[PDB]
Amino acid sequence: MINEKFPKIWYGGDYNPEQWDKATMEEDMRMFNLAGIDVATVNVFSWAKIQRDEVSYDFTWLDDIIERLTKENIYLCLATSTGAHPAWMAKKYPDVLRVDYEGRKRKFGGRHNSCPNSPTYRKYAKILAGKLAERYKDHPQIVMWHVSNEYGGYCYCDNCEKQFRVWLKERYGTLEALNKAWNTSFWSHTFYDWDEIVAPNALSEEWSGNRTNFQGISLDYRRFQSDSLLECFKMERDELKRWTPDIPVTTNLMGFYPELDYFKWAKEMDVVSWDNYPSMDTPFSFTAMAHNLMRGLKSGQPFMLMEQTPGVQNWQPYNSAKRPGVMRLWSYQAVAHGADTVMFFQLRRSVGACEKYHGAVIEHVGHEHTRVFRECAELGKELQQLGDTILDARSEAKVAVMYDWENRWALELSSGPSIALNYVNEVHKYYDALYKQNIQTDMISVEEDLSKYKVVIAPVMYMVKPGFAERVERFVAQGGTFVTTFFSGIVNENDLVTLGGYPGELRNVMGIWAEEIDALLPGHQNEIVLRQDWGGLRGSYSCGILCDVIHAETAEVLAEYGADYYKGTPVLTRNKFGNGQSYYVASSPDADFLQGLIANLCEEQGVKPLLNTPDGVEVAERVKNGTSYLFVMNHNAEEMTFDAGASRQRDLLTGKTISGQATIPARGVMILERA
């Protein structure tokens, strides 16, 4: 379990009574009891309240809050408050403030924006975390540490620049090695001294947020910034554990957030927690893919849903209300994919600055006779009833899909071959296909152990890191199947091209040679024409975005282009390789083709759907011992019917036995317990 002393799916969220008074806190306790709320995330943004100058610390108000919540038997997710530095500190110690992408020195404002290489910031953040741990070391209600808050953003100040050079010295050892990695002979970029090197932003190598002259520099700086933030986190963590070695430590991540390499972060965290905030056009399968990734970060370990709105958001263009049931629906979607907590931002609405129109359990009227409140209490009852049932359950997926931040950085920094190529979109195209068929799958790192899987899919694996090619070769020869695509195997860890023919280190296992690649204008398409019927693939489908023009060397050709100067050349190939097979997909296909391909690939490895269901009804499974929990989630706004199978099983949410034809209400959820 996340914490043995708290044996259920935690229910609660961010709580900020220091924005109120003791009277309202009494109302909070009353209503939290009605809602089934038993965890509070406190002290996230009270650094200034605590520390008014470099020498004074007042924890008396916090003692009160903690003592009051303990009376109620509410557990504490205790934050270190380092998510936003005080105004006095920004004023006296400007080294704490970031210089931005546009080259500008910031003044005090906002949050999440301390320079991670700031001596002042590091000094005081470490001391604050240490004092909190020391003061509350012996307290029984603290069940989790919450370090800072949503780390992110880049800094380009002088301190980061001098520290970038050190990081470079440690990484490459010499200027010969550095100049080679960065290919500095290009555009007379030869460096003869480390101080000649600068941070890449609007002043130097970059423009428009994602464009650069020097991908090598831009890539490394992102590694460097991610590492620097990670060091701040590690620093607070170590200091916490000095005083409370037995209390878990987390920080709250942002899913597919692009700026941080979360695979590297998660190795440093006792458990992953994250903040799920969907856009109004975010596909339900996308947020599934994100919970999945969060699971994946520690190779299947259940994570905390640290934040989600219980109602409306504030920062979307059009902050629509969450329709009845949806709050519940989306909470159980998180649990289905590995969450062992569902926690909100936030418990009581602020009054406030920019978050006053962000949803909360208790809102502006200040009472419980509210739709949003009702729905929350309802979820709270259920979660109380589930108890420890699902806790620690894991995915036993036989299909994996690979994602990587460094690959993503190189791709997004690349120029070009096409701005229409979006890495996360292509990755999602494959995951979605799996999602619609209810094929249980894991999002994994390129580094993951491949032996649990029968199918490993790696969309646009543009960057191939040391050991990767050999791991997939070994995995395929042993009998696995590997899928990859156009613009894969192009470069190494430094974004230098692997010479001698794409896909380079994967050339042999894919059994094809990609000669050149064609980028299509928006709205232009080519067609995938099957050689002959093959499983659920028949006739023609369309494809777009990019078209690799390849040569089958060892692989069998299964489909070929139907149009353009490369008509009649392969677009889908299969290479037998030891006991396994590899498929190369040379274009970006429509959903029907991927539906077919995925079905074929799973059938070939004997992997079956969890269940067959109508479109919109998602199924995912977690397993505990030899017990299987099928989450069936109806995203449709109408009652729905599906075949739930004949075996004996019960819906954990209703207690009722289920067998055969079953219906599931609109926006409904069932948790099928079975062997």
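All residue numbers refer to positions in the sequence shown, first residue = 1.
- When the C-alpha B-factors of 92-100 and 529-537 are averaged, 529-537 comes out higher.
- The PDB entry records a higher mean C-alpha B factor for 381-389 than for its counterpart among 574-582 and 381-389.
- As recorded in the PDB entry, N73 shows the highest C-alpha B-factor of the residues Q333, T485, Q440, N73.
- In this structure the maximum Cα B-factor among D495, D404, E603, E205 is found at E603.
- Sorting the modelled residues of the chain by their CA temperature factor places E150 in the lowest third.
- Residue-level temperature factors show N252 in the middle third of its chain, judged at the C-alpha atom.
- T657: CA B factor lies in the highest third for its chain, per the PDB record.
- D548 sits in the middle third of its chain by CA B factor, as recorded in the PDB entry.
- When the CA B factors of the chain's modelled residues are split into thirds, the value for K267 lands in the middle one.
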